[PDB]
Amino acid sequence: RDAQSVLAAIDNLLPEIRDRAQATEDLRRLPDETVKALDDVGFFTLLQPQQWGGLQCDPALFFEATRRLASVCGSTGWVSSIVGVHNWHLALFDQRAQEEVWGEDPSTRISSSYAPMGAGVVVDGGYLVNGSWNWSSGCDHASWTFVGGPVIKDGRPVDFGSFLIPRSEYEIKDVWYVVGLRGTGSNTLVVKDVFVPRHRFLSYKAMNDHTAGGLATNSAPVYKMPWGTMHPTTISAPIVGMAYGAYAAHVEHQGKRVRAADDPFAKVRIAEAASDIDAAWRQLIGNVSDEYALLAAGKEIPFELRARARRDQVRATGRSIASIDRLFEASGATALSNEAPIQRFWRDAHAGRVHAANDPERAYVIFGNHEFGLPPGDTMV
């Protein structure tokens, strides 16, 4: 297999994942049958290092995947994007950590919650961690998890990063009763007095520096993309896919409807939505590609580009959502029924919107600072 054949296989899955969207929403977590299928065609290998049988691929092709997934099932696209990018994150961890996860089984999955909703206290050999983390999309389908939060040594915050912990050392509290992305199963992770070895903590600082241990062995270009582009993009890409899905739905339904042998108003709003969605994607995937092309040539990623990515990325979410709102309003009465696909895309996108990577202001201030000749702050870049 290679990157392109995995994409082809994913195309083939779309119709079945689509028909399952209701059931997916019902389960409040991905159906085992779709996760298995994904796993079987190689989706999770996509951004996985080749030392573990993976494809350590071009990041643009991976998001292009998630966009397809989200274009038939919001929750499927959302979880896939997030779980997949974890196999990219784990590659920046040092060999020891990687070994524990994929040693006996390379198709092992990791979930996460990067918001600092807990902490790890220094002991001999690493960390003693406690906290309750929420929103771990797809945690129901993973054997390990990351959790974000500071390192506290003798009181006070020294580092901030992610801790890697096994399913057996955290409880999963089912509190996923929300208005959108219902089937993401983004439950809550309870960590009590769990020791985590020093080789299962990765610093963001380290990642920024290109001194993350795992890079020695995993030297493919893709493992040097900035977290600030890679992570928020994992959030925006599926949302963009949701707009594509909402668009196709509405077009189908509006097509039959306007074959009655004029209605300029209906045409305009479809042309505008189509163009805004296209602009979202071009920018999002475009900044991703500009950065990977640079790394591929051995060159370095200038701050200006990372800042442009952040502002375009929050913007992409904005215009995907605005388009979906206009396509929803236009679908009229028949979009109100609990089964109607367009209303699902609309609910899902709005749920996704609350994710922190989507806060427009945060991202615009970073880009605004850079244009105005100001020192960087916000590390989410």
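Counting begins at 1, following the sequence as shown.
The modelled chain breaks after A261 and resumes at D262, leaving 4 to 9 residues of the deposited sequence without coordinates. According to the PDB record, 212-220 carries the higher mean C-alpha B-factor of the two stretches 212-220 and 67-75. Comparing 145-153 with 174-182, the higher mean C-alpha B-factor in the PDB entry belongs to 145-153. Listed residues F93, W88, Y244, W281 were ranked by CA B-factor as deposited; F93 comes out on top. Take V240, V288, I82, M207 and read off each C-alpha B-factor from the entry; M207 has the highest. Ranked within its chain, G228 lands in the middle third, by CA B factor from the PDB record. Among the modelled residues of its chain, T188 has a C-alpha B-factor that falls in the middle third according to the deposited record. Among the modelled residues of its chain, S137 has a C-alpha B-factor that falls in the lowest third, as given in the PDB entry.
Among the modelled residues of its chain, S112 has a C-alpha B-factor that falls in the middle third according to the deposited record. The deposited CA B-factor of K256 belongs to the highest third of values across its chain.
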